[PDB]
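What follows is a single structure, written as structure tokens, with notes after it.
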Ligand SMILES: O[C@@H]1[C@@H](O)[C@@H](O)CO[C@H]1O
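Residue numbers (the numbering used here): 2 to 491.
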């Protein structure tokens with residue numbers, strides 16, 4: 002088998018699966034680990050965007066009541082160190098100690114904020130485990146299929162601790178850990194003992210190539226098999242080569258800019274709103290995305306299924322109202338910084354250059370500040386910054402509630418003083434089943450989010466990959482790379 006060489010935009014700081022959550026971690030951790038329920042993106046010949054849930058580490062499951070789901074595990078599944086997967090490992094993955102409890106907070110900083118209102122899992126027998134919540138939750142199934150739910154081995158993880166585990170991970174996945182050179186490369190090798198479809202690559206190397214031009218030059222020279230995070234502008238050059246091609250898809254993620262609301266200038270919504278009202282999204286989509294990025298009608302996406310509103314009004318664009326707001330805020334012309342980690346996000350710097358011009362036209366002076374990979378500056382050094390959110394559930398709960406909710410980092414770390422009504426709705430949507438009330442509640446939260454502008458949604462990006470024609474691999478509609486029944490060499 003051939004060794005797969007990937008040229009990537011970045012690498013996670015840890016391979017601990019929850020701590021690896023980002024645009025760059027899942028493409029690695031999806032290989033090392035498995036979940037209880039997996040998504041089949043290619044079901045019924047779909048082009049990598051199917052919503053179908055299939056058994057994975059759990060052979061079967063059934064909801065018991067409004068607060069609990071019982072899982073029957075696949076038997077004789079082995080972790081990379083030869084240890085058999087049991088209900089103890091699953092119970093540990095979803096425990097108070099490891100994930101969501103007070104003791105987990107130092108190990109996994111966003112563990113509590115990103116998890117459901119869990120109670121301790123109940124081990125029924127060697128291959129049976131019940132996962133439960135303290136309050137009603139109709140989200141257990143989607144959460145279990147998510148990137149929060151990769152199964153870790155109890156004994157090994159406990160012996161290493163979360164930090165050491167992140168540097169030497171052990172999972173049940175099709176590929177096992179070889180090496181991790183901080184901010185340089187991650188090397189994995191085939192786990193030939195895998196319970197599912199056998200790995201088709203002998204080795205997988207994720208090599209950081211921060212500059213997108215250097216990444217393209219690497220692919221042309223034959224240094225890489227697949228490269229990530231390109232823009233639709235790179236398409237024509239790569240496809241002119243008979244041995245190379247581009248492979249792209251709209252992903253279930255949105256690019257945005259956000260604010261440090263602990264800063265005096267952003268404590269009040271006025272200037273946040275003015276900056277939001279001046280963003281001409283259709284012009285950015287034409288100029289940078291060749292019409293391929295999608296502009297959502299609010300914090301609202303098709304993957305939400307029952308909580309997606311196809312009838313919602315477009316996010317407002319109003320230059321005159323933006324000008325009136327800049328004057329009202331008493332803004333004095335002082336430059337406001339906007340932090341970006343180069344082009345970690347496709348089109349980050351070109352989008353910022355366009356926005357700086359749009360903002361200069363409303364009387365706001367914004368200046369770009371770059372930071373190095375894995376070198377995010379202290380919070381007090383930041384005003385504006387770009388970010389993204391992967392829409393990780395088949396429900397509107399993520400990411401409005403885990404990121405922007407009363408327990409989330411936007412309010413707790415970044416100082417958004419959310420209206421009491423918003424926080425009250427977050428709590429209501431957490432516990433309600435789908436229906437008219439829950440659907441209407443998300444639309445009200447969406448309206449408040451637009452009035453408050455704690456972040457400004459830009460678009461759903463069109464993820465662009467480039468690969469050697471002889472490397473058969475299809476992108477999926479999520480910020481990850483799937484190789485199960487989706488990797489072969491010509
Ligand atoms: O990197 C972000 C992460 O910080 C979290 O918001 C989830 O979505 C990802 O895209």
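Beta carbons are placed, not taken as given, at the ideal position from N, Cα and C, and that holds for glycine.
Its chain contains 85 as the residues whose beta carbon lies nearer than 7 Å to that of residue 77, once the 5 sequence neighbours on both sides are disregarded; these appear in chain order. Within the same chain, and ignoring the five residues on either side of residue 233 in sequence, the residues whose Cβ sits closer than 7 Å to its Cβ are 290, 291, 293, 463, 465. By the beta-carbon neighbour count (other beta carbons within 10 angstroms, threshold 16), residue 242 is exposed.
Residue range 337 to 341 is occupied by the beta strand (DSSP E) that includes residue 337. In this structure, ligand 1 has a non-hydrogen atom nearer than 7 Å to the beta-carbon of residue 480. Annotated three-state conformation of residue 325 is helix, per DSSP. Between the alpha carbons of residue 14 and residue 322 lies a distance of about 42 Å.
A straight line joining the alpha-carbon of residue 220 with that of residue 120 spans about 48 Å. Exclusion of the five residues before and after residue 420 leaves 449, 453 as the residues of its chain whose Cβ lies within less than 8 Å of its Cβ. The closest CA to that of residue 335, considering only 300, 265, 312, is found on 265.
Distance from residue 372 to residue 378 at the Cβ level is roughly 6 Å; contact confirmed, criterion being Cβ atoms closer than 8 Å. Here the distance from the Cβ of residue 390 to the nearest heavy atom of ligand 1 is below 7 Å. In this structure, the C-beta of residue 22 approaches ligand 1 to less than 7 Å from one of its heavy atoms. For residue 364, there is no enclosing beta strand (DSSP E), since its DSSP letter is neither H nor E. Short note on residue 404: C-beta closer than 7 Å to some heavy atom of ligand 1. In the structure shown, residue 349 falls within a helical segment according to DSSP collapsed to helix, strand and coil. For residue 270, the uninterrupted alpha helix (DSSP H) run begins and ends at 270 to 278, by DSSP. Rounded to whole angstroms, the Cβ separation of residue 341 and residue 353 is 6 Å, and the two are in contact under 8 Å. Distance from the CA of residue 481 to the CA of residue 6, rounded to the nearest whole angstrom, comes to 16 Å. At least one heavy atom of ligand 1 lies less than 7 Å from the C-beta of residue 400. Closer than 7 Å to some heavy atom of ligand 1: that does not describe the Cβ of residue 240. Below 8 Å, enough C-beta pairs join the segment 35 to 42 and the segment 138 to 146 to call them touching: three or more. When the alpha-carbon of residue 399 is set against those of 427, 387, 376, 414, the nearest one is in 427.
With contacts defined by Cβ atoms closer than 8 Å, residue 280 and residue 318 form a contacting pair. Assignment of residue 207 by DSSP, reduced to helix, strand and coil, places it in the strand class. For residue 444, the closest of 417, 305, 134 by C-alpha to C-alpha distance is 305. In the three-state scheme derived from DSSP, where H, G and I count as helix and E and B as strand, residue 264 is classed as coil. For residue 482, the secondary structure class from DSSP, reduced to helix, strand or coil, is coil. For residue 257, same chain residues with a beta-carbon under 8 Å away, outside a window of 5 residues either side, are 387, 388, 389, 390, 456, 457, 458, 459 in chain order. Contact check for residue 158 and residue 175: beta-carbon distance about 20 Å, past the 8 Å limit, so the pair fails to qualify. Closest option to residue 163, judged by alpha-carbon separation, among 107, 370, 236: 107.
Where residue 95 is concerned, there is no enclosing alpha helix (DSSP H), because DSSP gives it neither an H nor an E. When distances are taken from the beta-carbon of residue 408 to the heavy atoms of ligand 1, even the shortest one reaches 7 Å or more. The straight-line gap separating the alpha-carbon atoms of residue 160 and residue 295 is approximately 46 Å.
One Cα belongs to residue 71, the other to residue 137, and the distance between them is close to 15 Å.
In this structure, ligand 1 has no non-hydrogen atom nearer than 7 Å to the beta-carbon of residue 304.
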